[PDB]
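All remarks here apply to the structure that follows.
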Ligand SMILES: Cc1ncc(COP(=O)(O)O)c(/C=N/[C@@H](CO)C(=O)O)c1O
Ligand SMILES: Cc1ncc(COP(=O)(O)O)c(/C=N/[C@@H](CO)C(=O)O)c1O
Ligand SMILES: O=P(O)(O)OCCNS(=O)(=O)c1ccc(OC(F)(F)F)cc1
Ligand SMILES: O=P(O)(O)OCCNS(=O)(=O)c1ccc(OC(F)(F)F)cc1
Ligand SMILES: [Cl-]
Ligand SMILES: [Cl-]
Ligand SMILES: [Cs+]
Ligand SMILES: [Cs+]
Ligand SMILES: [Cs+]
Ligand SMILES: [Cs+]
Ligand code: NA
Ligand code: NA
């Protein structure tokens, strides 16, 4: 399919950036997670990034570590996540759905089989957090054979060769990392990225979404002003889940308020 | 004085061996110890061997280890022992009194001073358990300056030179060790000593008393039959004290019975 | 792009977040440079000799082989400063940190031996040291934690995941991903992303180099086999490396069999796990059916790494080295045997290697064979565990 | 009659029951013979190198002396098999036992280090080993007791007297007095009746011999002073012996000052006791006014021998060696300092020697002095004691 291409084209003619929340599938349970995700969409999410719970999420800070732990406490397995994904797509035809994976879950029952299942359930992209471009070949090949966009990381420490590689190999969007370190709302990027954004455009890369440490409307607006196609926010969303485990009602209200505010900020 | 010389001469004209008990001074207390010692004499002891409580009695088995410990539990000090010795002599004019010492108690306030105090209270001999003939010179010299008999050990492992040295240097009696090891009634000597007894006589040694593991009348008789002047018994006596700590009456009765039997056995 | 092949056949690679690739590239280039630098080598040799105490003895164990045709020598890494072989490579990695201008050290540890080794090298060389350790391991290894703290290291309990070594491994990488400009990650075994399997082997290779020299001097020929326990693979590859091209020499690696392979309660992924991708490498793993990483189980705390170095997986695949397992009970018996018959208390980890040597001997007692066991650590640390086991059995 | 003078000036001698004199004579004659026997020497050298791991490192400690004109080296007896210097002389005494046809070993121990060393040498060399240990020490040293038992030694608690080391010393002599035809008494320090002070010195002298060779190689001159703790005197005399005739070289012995000399709660008889006669020798003792033997007190378990070797008393009297004391708190500070600044955990016993060296440095930091401290044991055994102290102080 062409879900990201269609979204970015439409956003271009709304003069809007994309606002893209991340959550862990099955946090804090399967049913509540499904409601969470529908709330994100209804409140204005343009696309989703969805984590499959993994034992060893070594690119994640404590907020998302704890989300993985809560999903495990609920007995959430990869197979259940794929059932959830099929249902999310069955409800929502056009929203791009990207997965955040770690390599072992992709490799476990065969790389090709993994991407084939993604295609079956209607996933649009896969980002494998612990596979650098250097190791990406079998992952990106399987992705494309199955109509899945391989999402590459453009780190702030990127040289020209890396920019050219990610521009050439990527599809869907290019992940523009805000900073070094791991996921988390408690650390905000302090590096201007407009130069990387410009070079990616020169090289005809997939549109850039800034991610890591995005927790506030001003950062969404900043990403758009710098030339990015939009922004991803994970820990800030997950913190609302964590804060409200004992009130699913208040949790959904606060998620809706947050996502609505962040999406409003994507207006150019 | 000549207390041993006089005793041995008298015993020779009674055709008797000497029976010589050992106890620790102040075990199990000063007053009970004085009564114990008077009981030994009244029951037939020919001479006494008396231990001053020492922290580290490294030639003694557990029975006499425990006697030292009981005297310490009663607060008995060397000074108190010397008071007891003066009183024992003040009661009994002719019985030979030998001390069993360890070197540190003799050296502590000066070797000469030690033997001078022995002379003052009326002690007749001193045996220092951890001083071999090789080291004996200052001890035996002080002894003789103060009219105290130095008691030498003739071990069953004795060569001719040792026999000659102990014969020459000793006075009072020669201590004929039954066996290797340490004091104790639970181990009986199994070595015939008549050859050592004969050689000591040839060399004009002080009369021999057999000691270590003597606990029975037959052993007293055996010592006399082998040519010894008599026998010393320590652990067997001390065991009666240990056995009867909770009945001073029964303790004295059993000591009297034991000493009487052992002394009777010294008849040739 | 790298200077050296990041794989041993199909195993290994550099599976880290993109952000860390410059750090791995820098480390590789600093290592390749250091290996050509006589000043670096002299400094490393100086530390190994005068501080760690190399060379280590090669002890002939006559009592335990009496009445068989086995001759058994123990390579005495137990006598190294720190009491295990971990000291060798931390000294080299600390010098590499200095070479790169890094002033801080991050390390992971399970049983605490690597943590202690990192701490002592950091104290000596003036580097600020922080050590991650699963909270369950912190609780069970209070003596080692206190040794690390006496040496001025910060020990940070990790409560995420299973609160054990794999979780500590993750935390070390999380920290490094945001601190690599100033800190060096002092990985503690011959595993993880390239170039660590290579670096750790080269900085442990003096074990086998000395063993070769010593056995030639004493016996006039090479060993029939060298035998080492395999947790992550550092002591074993250090023993094996110098003999790889001596193809007459058997290389035997011993993984923990735990309660028995058939129980699933073991730590033997090379032979009884499944290849996965984790901790920066493609290698055999302990893992669930759906690809979640699992713990390794052993009586010996230090054989807890839930994977295995990629060079071992490679040497196995080509049949250059052979890998076996030894159960808790076998290891405990070897421990008691060495104590009573040689007066050496071995680490329970290396007791696994000794157990396999004793098996080789006992199974075929008329076979003439010259064996070396790597005694990678001393076992004073283990006497409480052993006491508790023997008491529970009514042996004492 | 003896071959050698049993006294060092006025100190020493052979104050044992007559029954034991043949045993001491036999031992003296076997030693004098062994010292002329190249086969004996080769066997001893073989054990020291290949089993115990000699030679030990001489480590330069640059961090702890930075900013002063002191250069400090540590002689690393902590790296010896067993973790203390006690291993050296037990190997020699075990060979002497075999030379005399003795098949059993008796030993005394206080802290348990000598007991462990006796046990390991006996296991290696096939001798049946029985170890006496005061019951209070057995209770306080359960790790060492268990190590001895794992090595097949019988450990016999002694309940007589004060149930501590002097009582164990007595029990060992009581046993020997009735077993000398078949058993050898493996005395654990440079004290007791001749010929033990002589034998123990000669079988520990490789410490100072190596130190001399190593310091000449590294610094091109002899040390200004060598510094060792003094419990009974074995590690110190082993360090000192080879330098006695090098009269430019200071010999400094450090006794435990405990809670302070003035409190009476110490273990410093050479300088603050009174000469007595006990344990086969005339030497300075801890003792009551009326001549009962007293205990030595220190934070360090192994400085509990309540007397001192007669050669030390002699070297002091003639002014060849100097003896000082260090309190518990001084020793504890030195312990923490070495951990943090050099990555070496020292035994609390040898922490006394290090403390005096640090004092020599700190008191006169512009004095140019080349010092060697004998690090006679490692301190892993002590971390519980130190933990408990630091916790009680609210330091942790
Ligand atoms: C005494 C000892 N022997 C062997 C091994 C096994 O390690 P390799 O396979 O040689 O790398 C270890 C490991 N210890 C690690 C993991 O817990 C650690 O301390 O952090 C060990 O402590
Ligand atoms: C680690 C250590 N350092 C020094 C000494 C001090 O002994 P020297 O003076 O060198 O003979 C000892 C002593 N230990 C004896 C007594 O408890 C024992 O173990 O039985 C020790 O264990
Ligand atoms: O808002 P934050 O700080 O929680 O960041 C959002 C993170 N969610 S995600 O799926 O985009 C994401 C993207 C990349 C990650 O690692 C990698 F860069 F190494 F690949 C991890 C998570
Ligand atoms: O009857 P036992 O077995 O208790 O022996 C009696 C012991 N009492 S003693 O004073 O004669 C005595 C005599 C000698 C001793 O030691 C020495 F030989 F080394 F000198 C110890 C005690
Ligand atoms: Cl490949
Ligand atoms: Cl003299
Ligand atoms: Cs593209
Ligand atoms: Cs005479
Ligand atoms: Cs053999
Ligand atoms: Cs200096
Ligand atoms: Na393994
Ligand atoms: Na002393």
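Working only within region B:197-207, note down all residues that are surrounded by fewer than 19 Cβ atoms within 10 Å (Cβ to Cβ) and either within 16 Å of ligand 1 (Cβ to nearest atom) or not in a loop (DSSP other than H, G, I, E, B) (or both). Walk me through how you get there before you give the answer.
Within region B:197-207, the subset surrounded by fewer than 19 Cβ atoms within 10 Å (Cβ to Cβ) is B:198-199, B:201-204.
Answer for region B:197-207, where residues must be surrounded by fewer than 19 Cβ atoms within 10 Å (Cβ to Cβ) and either within 16 Å of ligand 1 (Cβ to nearest atom) or not in a loop (DSSP other than H, G, I, E, B) (or both): B:198, B:199, B:201, B:202.
Give me the residue from region C:335-364 that is within 14 Å of chain D (Cβ to nearest Cβ) and not in a helix (DSSP H, G or I) and, out of that set, nearest to residue D:153 (Cα to Cα).
Just the residues of region C:335-364 that are within 14 Å of chain D (Cβ to nearest Cβ), to begin with: C:335-348, C:351.
With not in a helix (DSSP H, G or I) added as a condition, the list becomes C:343-347.
On the way: C:343: 10, C:344: 13, C:345: 14, C:346: 17, C:347: 20 Å.
By that ranking, first place goes to C:343.
Tally time: how many residues in region A:226-246 are surrounded by fewer than 19 Cβ atoms within 10 Å (Cβ to Cβ), free of Cβ contacts under 8 Å to residues at least 24 places away in the same chain and in contact with a helix residue (DSSP H, G or I) (Cβ under 9 Å, 6 or more places away or on another chain)?
Narrowing region A:226-246 to residues surrounded by fewer than 19 Cβ atoms within 10 Å (Cβ to Cβ): A:226-227, A:242-246.
Then keep just the ones that are free of Cβ contacts under 8 Å to residues at least 24 places away in the same chain; that gives A:243-244, A:246.
Remaining after also requiring in contact with a helix residue (DSSP H, G or I) (Cβ under 9 Å, 6 or more places away or on another chain): A:243-244.
Result for region A:226-246: 2.
Against the definition (crowded, with 18+ Cβ neighbours inside 10 Å, over 26 Å from residue A:62 (Cα atoms) and in contact with a strand residue (DSSP E or B) (Cβ under 6 Å, 6 or more places away or on another chain)), how does residue A:149 come out, yes or no?
Details: crowded, with 18+ Cβ neighbours inside 10 Å: yes; over 26 Å from residue A:62 (Cα atoms): yes; in contact with a strand residue (DSSP E or B) (Cβ under 6 Å, 6 or more places away or on another chain): yes.
Spelling it out, residue A:149 is indeed crowded, with 18+ Cβ neighbours inside 10 Å, over 26 Å from residue A:62 (Cα atoms) and in contact with a strand residue (DSSP E or B) (Cβ under 6 Å, 6 or more places away or on another chain).
Could you tell me which numbered condition residue B:210 fails, if it satisfies all but one of (1) part of a loop (DSSP other than H, G, I, E, B); (2) within 14 Å of the chain's Cα centre (by Cα)?
Residue B:210 satisfies every listed condition except (1).
For region D:28-44, state whether one or more residues are away from chain B (no Cβ under 14 Å), within 30 Å of residue D:274 (Cα to Cα) and either crowded, with 20+ Cβ neighbours inside 10 Å or touching a residue at least 60 places away in the same chain (Cβ under 8 Å) (or both). Break it down into steps so the answer makes sense when it comes.
Residues of region D:28-44 that are away from chain B (no Cβ under 14 Å), as a first pass: D:29-44.
The next check asks that each one be within 30 Å of residue D:274 (Cα to Cα); those that pass are none.
No, because not a single residue in region D:28-44 is away from chain B (no Cβ under 14 Å), within 30 Å of residue D:274 (Cα to Cα) and either crowded, with 20+ Cβ neighbours inside 10 Å or touching a residue at least 60 places away in the same chain (Cβ under 8 Å) (or both).
For region B:83-108, how many residues meet the condition of being in a loop (DSSP other than H, G, I, E, B) and without any contact (Cβ under 8 Å) to a residue 60 or more places away in the chain? Walk me through how you get there before you give the answer.
The initial filter retains those residues of region B:83-108 that are in a loop (DSSP other than H, G, I, E, B), namely B:92-96, B:102, B:108.
Those still in the list that are without any contact (Cβ under 8 Å) to a residue 60 or more places away in the chain too: B:92-93, B:102, B:108.
Total meeting the criteria: 4.
Please tell me if residue D:330 is more than 25 Å from residue D:242 (Cβ to Cβ), in contact with a helix residue (DSSP H, G or I) (Cβ under 9 Å, 6 or more places away or on another chain), more than 12 Å from every other protein chain (Cβ to nearest Cβ) and in a helix (DSSP H, G or I). Spell out the reasoning first.
Numbers: more than 25 Å from residue D:242 (Cβ to Cβ): yes; in contact with a helix residue (DSSP H, G or I) (Cβ under 9 Å, 6 or more places away or on another chain): yes; more than 12 Å from every other protein chain (Cβ to nearest Cβ): yes; in a helix (DSSP H, G or I): yes.
In short, yes.
Within region C:222-273, take every residue that is free of Cβ contacts under 8 Å to residues at least 40 places away in the same chain and either surrounded by 24 or more Cβ atoms within 10 Å (Cβ to Cβ) or in a helix (DSSP H, G or I) (or both) and give me the one that is nearest to ligand 3 (Cβ to nearest atom).
So the residue we want is C:269.
Say whether the condition of being more than 9 Å from chain D (Cβ to nearest Cβ), more than 23 Å from residue B:22 (Cα to Cα), in a loop (DSSP other than H, G, I, E, B) and more than 16 Å from ligand 1 (Cβ to nearest atom) is met by at least one residue in region B:110-123.
Within region B:110-123, one or more residues are more than 9 Å from chain D (Cβ to nearest Cβ), more than 23 Å from residue B:22 (Cα to Cα), in a loop (DSSP other than H, G, I, E, B) and more than 16 Å from ligand 1 (Cβ to nearest atom).
Would you please name the residue that is nearest to ligand 9 (Cβ to nearest atom), looking only at residues in region D:89-129 that are away from chain C (no Cβ under 14 Å) and more than 20 Å from the chain's Cα centre (by Cα)?
Result: D:98.
Can you name the residue in region C:317-326 that is in contact with a strand residue (DSSP E or B) (Cβ under 9 Å, 6 or more places away or on another chain) and surrounded by fewer than 21 Cβ atoms within 10 Å (Cβ to Cβ) and, of all such residues, is nearest to residue D:151 (Cα to Cα)?
Residues of region C:317-326 in contact with a strand residue (DSSP E or B) (Cβ under 9 Å, 6 or more places away or on another chain): C:317, C:320-326.
Of the ones still in play, those that are also surrounded by fewer than 21 Cβ atoms within 10 Å (Cβ to Cβ) are C:317, C:320, C:322, C:324.
Values: C:317: 40, C:320: 37, C:322: 32, C:324: 28 Å.
The extreme case among them is C:324.
Tell me which of these residue C:194 doesn't satisfy, since it passes every other one: (1) over 26 Å from residue C:375 (Cβ atoms); (2) in a helix (DSSP H, G or I).
(2)
So which of C:233, C:250, C:257 is on the phi > 0 side of the Ramachandran plot, away from ligand 6 (no atom under 16 Å from the Cβ) and in the same structural domain as residue C:273 (by TED's automatic domain parsing)?
On the way: C:250 fails: on the phi > 0 side of the Ramachandran plot; C:257 fails: on the phi > 0 side of the Ramachandran plot.
One residue alone meets the criteria, C:233.
Filter region D:47-76 down to the residues that are at the interface with another protein chain (Cβ under 8 Å from one of its Cβ atoms) and closer than 22 Å to residue C:214 by Cα and list them by number.
So the first thing to find is which residues in region D:47-76 are at the interface with another protein chain (Cβ under 8 Å from one of its Cβ atoms), and the list is D:49-53, D:56-60, D:63, D:76.
Scanning region D:47-76 gives D:49, D:50, D:51, D:52, D:53, D:56, D:57.
Among the residues of region C:277-296, is any touching a helix residue (DSSP H, G or I) at 6+ places or on another chain (Cβ under 8 Å) and over 24 Å from residue A:101 (Cβ atoms)?
Yes: region C:277-296 contains one or more residues that are touching a helix residue (DSSP H, G or I) at 6+ places or on another chain (Cβ under 8 Å) and over 24 Å from residue A:101 (Cβ atoms).
Do we find that residue A:47 is over 12 Å from residue A:238 (Cα atoms), away from ligand 7 (no atom under 16 Å from the Cβ) and in contact with a helix residue (DSSP H, G or I) (Cβ under 7 Å, 6 or more places away or on another chain) in this structure?
Numbers: over 12 Å from residue A:238 (Cα atoms): yes; away from ligand 7 (no atom under 16 Å from the Cβ): yes; in contact with a helix residue (DSSP H, G or I) (Cβ under 7 Å, 6 or more places away or on another chain): yes.
Considered against the rule, which asks whether it is over 12 Å from residue A:238 (Cα atoms), away from ligand 7 (no atom under 16 Å from the Cβ) and in contact with a helix residue (DSSP H, G or I) (Cβ under 7 Å, 6 or more places away or on another chain), residue A:47 comes out as yes.
Residues in region B:225-234: is at least one within 30 Å of residue B:71 (Cα to Cα) and assigned to a helix (DSSP H, G or I)?
Of all residues in region B:225-234, those within 30 Å of residue B:71 (Cα to Cα) come to B:230-234.
Keeping just the survivors that are assigned to a helix (DSSP H, G or I) gives none.
There is no residue in region B:225-234 that is within 30 Å of residue B:71 (Cα to Cα) and assigned to a helix (DSSP H, G or I).
Return the total of residues in region C:48-62 being in contact with a strand residue (DSSP E or B) (Cβ under 6 Å, 6 or more places away or on another chain) and closer than 13 Å to residue D:50 by Cα.
Total satisfying the criteria: 6.
Regarding residue D:79, is this residue in the same structural domain as residue D:361 (by TED's automatic domain parsing) and either at positive phi or more than 16 Å from ligand 10 (Cβ to nearest atom) (or both)?
Details: in the same structural domain as residue D:361 (by TED's automatic domain parsing): yes; either at positive phi or more than 16 Å from ligand 10 (Cβ to nearest atom) (or both): yes.
Yes: the conditions hold for residue D:79.
Among the candidates B:139, B:152, which residue alone is more than 14 Å from residue B:106 (Cα to Cα) and within 11 Å of chain D (Cβ to nearest Cβ)? Step through it out loud before you land on a result.
Numbers: B:139 fails: more than 14 Å from residue B:106 (Cα to Cα).
Only one candidate qualifies: B:152.
Take the residues of region D:195-211 that are surrounded by fewer than 20 Cβ atoms within 10 Å (Cβ to Cβ) and free of Cβ contacts under 8 Å to residues at least 60 places away in the same chain: which is farthest from residue D:31 (Cα to Cα)?
Taking the candidates together, the pick is D:209.
Run residue A:185 past the list (1) surrounded by 24 or more Cβ atoms within 10 Å (Cβ to Cβ); (2) within 29 Å of residue C:180 (Cα to Cα) and report the number of the one that doesn't hold.
(1)
Somewhere in region B:166-182, is a residue more than 21 Å from residue B:228 (Cα to Cα) and touching a strand residue (DSSP E or B) at 6+ places or on another chain (Cβ under 8 Å)?
no
Can we say residue D:312 is crowded, with 23+ Cβ neighbours inside 10 Å, farther than 24 Å from residue D:144 by Cα and within 14 Å of ligand 2 (Cβ to nearest atom)?
yes
All of this is worked out from the model, or read from it or from the source named; no laboratory instrument gave them. Neighbour counts are summed over all protein chains in view; Cβ atoms, including those assigned to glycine, are modelled from backbone coordinates with ideal geometry.
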